[PDB]
$ cat input_21.pdb   # PDB, C-alpha atoms
ATOM      1  CA  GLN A  18       7.554  36.625  17.681
ATOM      2  CA  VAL A  19       8.700  38.186  14.408
ATOM      3  CA  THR A  20       9.823  34.807  12.963
ATOM      4  CA  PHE A  21       6.631  32.916  13.966
ATOM      5  CA  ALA A  22       4.819  33.381  10.632
ATOM      6  CA  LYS A  23       7.846  32.182   8.632
ATOM      7  CA  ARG A  24       8.550  29.106  10.784
ATOM      8  CA  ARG A  25       4.835  28.240  10.913
ATOM      9  CA  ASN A  26       4.409  28.477   7.134
ATOM     10  CA  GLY A  27       7.618  26.473   6.651
ATOM     11  CA  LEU A  28       6.424  23.692   8.953
ATOM     12  CA  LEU A  29       2.946  23.501   7.373
ATOM     13  CA  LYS A  30       4.584  23.306   3.926
ATOM     14  CA  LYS A  31       7.124  20.635   4.913
ATOM     15  CA  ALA A  32       4.376  18.572   6.596
ATOM     16  CA  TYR A  33       2.496  18.716   3.273
ATOM     17  CA  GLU A  34       5.658  17.755   1.351
ATOM     18  CA  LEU A  35       6.362  14.746   3.570
ATOM     19  CA  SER A  36       2.792  13.489   3.020
ATOM     20  CA  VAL A  37       3.099  13.925  -0.761
ATOM     21  CA  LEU A  38       6.698  12.713  -1.254
ATOM     22  CA  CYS A  39       6.554   9.652   1.012
ATOM     23  CA  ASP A  40       2.877   8.609   1.052
ATOM     24  CA  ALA A  41       2.908   9.420   4.776
ATOM     25  CA  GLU A  42      -0.145  10.391   6.839
ATOM     26  CA  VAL A  43       0.591  13.649   8.656
ATOM     27  CA  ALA A  44      -1.322  15.738  11.219
ATOM     28  CA  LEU A  45       0.089  19.039  12.478
ATOM     29  CA  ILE A  46      -1.527  21.330  15.044
ATOM     30  CA  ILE A  47      -0.047  24.717  16.022
ATOM     31  CA  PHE A  48      -1.342  27.220  18.578
ATOM     32  CA  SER A  49       0.376  30.603  18.613
ATOM     33  CA  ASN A  50       1.175  32.267  21.954
ATOM     34  CA  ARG A  51      -1.982  34.347  21.305
ATOM     35  CA  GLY A  52      -3.926  31.109  20.871
ATOM     36  CA  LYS A  53      -4.491  31.259  17.095
ATOM     37  CA  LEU A  54      -4.880  27.756  15.635
ATOM     38  CA  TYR A  55      -3.119  26.623  12.453
ATOM     39  CA  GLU A  56      -3.319  23.045  11.188
ATOM     40  CA  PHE A  57      -2.589  20.605   8.400
ATOM     41  CA  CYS A  58      -3.860  17.045   7.889
ATOM     42  CA  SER A  59      -3.022  14.961   4.804
ATOM     43  CA  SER A  60      -5.944  12.532   5.221
ATOM     44  CA  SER A  61      -9.677  12.888   4.499
ATOM     45  CA  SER A  62     -10.107  14.396   8.010
ATOM     46  CA  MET A  63      -8.064  15.403  11.061
ATOM     47  CA  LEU A  64     -10.507  13.361  13.241
ATOM     48  CA  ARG A  65      -9.673  10.172  11.316
ATOM     49  CA  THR A  66      -5.917  10.709  11.749
ATOM     50  CA  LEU A  67      -6.331  11.415  15.492
ATOM     51  CA  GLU A  68      -8.472   8.289  15.749
ATOM     52  CA  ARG A  69      -5.778   6.294  13.952
ATOM     53  CA  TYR A  70      -3.213   7.709  16.417
ATOM     54  CA  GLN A  71      -5.236   6.672  19.490
ATOM     55  CA  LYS A  72      -5.580   3.079  18.235
ATOM     56  CA  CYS A  73      -1.789   2.432  18.384
ATOM     57  CA  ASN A  74      -1.113   3.395  22.024
TER      58      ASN A  74
ATOM     59  CA  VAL B  19      15.114   6.785   2.000
ATOM     60  CA  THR B  20      14.542  10.576   2.173
ATOM     61  CA  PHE B  21      11.470   9.813   4.368
ATOM     62  CA  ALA B  22      13.890   9.549   7.322
ATOM     63  CA  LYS B  23      15.560  12.878   6.459
ATOM     64  CA  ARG B  24      12.326  14.842   5.969
ATOM     65  CA  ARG B  25      10.749  13.224   9.052
ATOM     66  CA  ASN B  26      13.725  14.117  11.263
ATOM     67  CA  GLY B  27      13.719  17.627   9.774
ATOM     68  CA  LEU B  28      10.018  18.139  10.495
ATOM     69  CA  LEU B  29      10.251  16.796  14.071
ATOM     70  CA  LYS B  30      13.219  19.138  14.689
ATOM     71  CA  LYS B  31      11.565  22.217  13.162
ATOM     72  CA  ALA B  32       8.358  21.503  15.116
ATOM     73  CA  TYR B  33      10.490  21.498  18.275
ATOM     74  CA  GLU B  34      12.178  24.751  17.209
ATOM     75  CA  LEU B  35       8.845  26.490  16.515
ATOM     76  CA  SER B  36       7.552  25.512  19.972
ATOM     77  CA  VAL B  37      10.711  26.715  21.728
ATOM     78  CA  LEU B  38      11.542  29.836  19.711
ATOM     79  CA  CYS B  39       7.997  31.216  19.338
ATOM     80  CA  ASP B  40       6.279  29.982  22.527
ATOM     81  CA  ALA B  41       3.864  27.950  20.383
ATOM     82  CA  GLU B  42       2.068  24.719  21.340
ATOM     83  CA  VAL B  43       2.727  22.091  18.670
ATOM     84  CA  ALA B  44       1.476  18.533  18.044
ATOM     85  CA  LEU B  45       2.813  16.529  15.099
ATOM     86  CA  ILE B  46       1.767  12.986  14.200
ATOM     87  CA  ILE B  47       3.365  11.072  11.304
ATOM     88  CA  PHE B  48       2.541   7.604   9.997
ATOM     89  CA  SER B  49       4.921   6.151   7.428
ATOM     90  CA  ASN B  50       3.510   4.287   4.410
ATOM     91  CA  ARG B  51       4.275   1.108   6.415
ATOM     92  CA  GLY B  52       2.306   2.538   9.342
ATOM     93  CA  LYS B  53       5.211   3.323  11.691
ATOM     94  CA  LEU B  54       4.182   6.116  14.070
ATOM     95  CA  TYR B  55       6.396   9.109  14.888
ATOM     96  CA  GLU B  56       5.270  12.060  16.987
ATOM     97  CA  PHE B  57       6.243  15.271  18.726
ATOM     98  CA  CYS B  58       4.253  17.301  21.239
ATOM     99  CA  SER B  59       5.613  20.410  22.964
ATOM    100  CA  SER B  60       3.188  20.220  25.929
ATOM    101  CA  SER B  61       3.101  17.891  28.955
ATOM    102  CA  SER B  62       1.129  15.361  26.858
ATOM    103  CA  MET B  63      -0.121  14.797  23.330
ATOM    104  CA  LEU B  64      -3.634  14.122  24.714
ATOM    105  CA  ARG B  65      -3.793  17.559  26.375
ATOM    106  CA  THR B  66      -2.877  19.315  23.107
ATOM    107  CA  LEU B  67      -5.377  17.209  21.102
ATOM    108  CA  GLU B  68      -8.006  18.041  23.744
ATOM    109  CA  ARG B  69      -7.178  21.733  23.340
ATOM    110  CA  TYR B  70      -7.533  21.284  19.547
ATOM    111  CA  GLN B  71     -10.982  19.626  19.809
ATOM    112  CA  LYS B  72     -12.330  22.501  21.926
ATOM    113  CA  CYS B  73     -11.901  24.962  19.004
ATOM    114  CA  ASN B  74     -13.632  24.734  15.592
TER     115      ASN B  74
END

$ encode --input "input_21.pdb" --output "structure tokens"
Amino acid sequence: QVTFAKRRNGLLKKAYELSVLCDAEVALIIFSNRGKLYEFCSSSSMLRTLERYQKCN
Amino acid sequence: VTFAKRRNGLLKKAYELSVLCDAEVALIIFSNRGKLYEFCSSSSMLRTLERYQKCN
């Protein structure tokens, strides 16, 4: 997927921007079709954000 | 607020990435008031988070 790198980088960047601009807590997990993991979390740790998520629902 | 705009944009682009590049995507967003928004491309958010935990 020739556009994968571009879209991935764009999404990681915009996730970061949302967290910075709006004081929002953001977690983003991406697996490529080859199974490569890319991720962003705005908080002290991804685990903490996932734990926060589970507590709602 | 431009929170709404950027949020909607991110949710949409996450969807596009999953569809256009056959990628598995999970996205969790808490507003500064603690409102939860989310997108997951798979059958369930839990399954994708479980996949995530299995890596390093």

$ interface_residues --input "input_21.pdb" --of "chain A" --to "chain B" --cutoff "9 Å" --atoms "only C-alpha atoms" --output "ChimeraX atom specification"
/A:18-21,24-25,27-28,31-32,34-36,38-52,54,66-67,70,73

$ atom_distance --input "input_21.pdb" --atom1 "atom CA of residue A:68" --atom2 "atom CA of residue A:29"
20.8 Å

$ atom_distance --input "input_21.pdb" --atom1 "atom CA of residue A:37" --atom2 "atom CA of residue B:72"
28.7 Å

$ atom_distance --input "input_21.pdb" --atom1 "atom CA of residue A:22" --atom2 "atom CA of residue B:60"
20.2 Å

$ axis_aligned_box --input "input_21.pdb" --around "stretch 26-43 of chain B" --padding-each-side "8 Å" --output "AutoDock Vina command-line options"
--center_x 7.9 --center_y 22.7 --center_z 16.2 --size_x 27.7 --size_y 33.1 --size_z 28.8
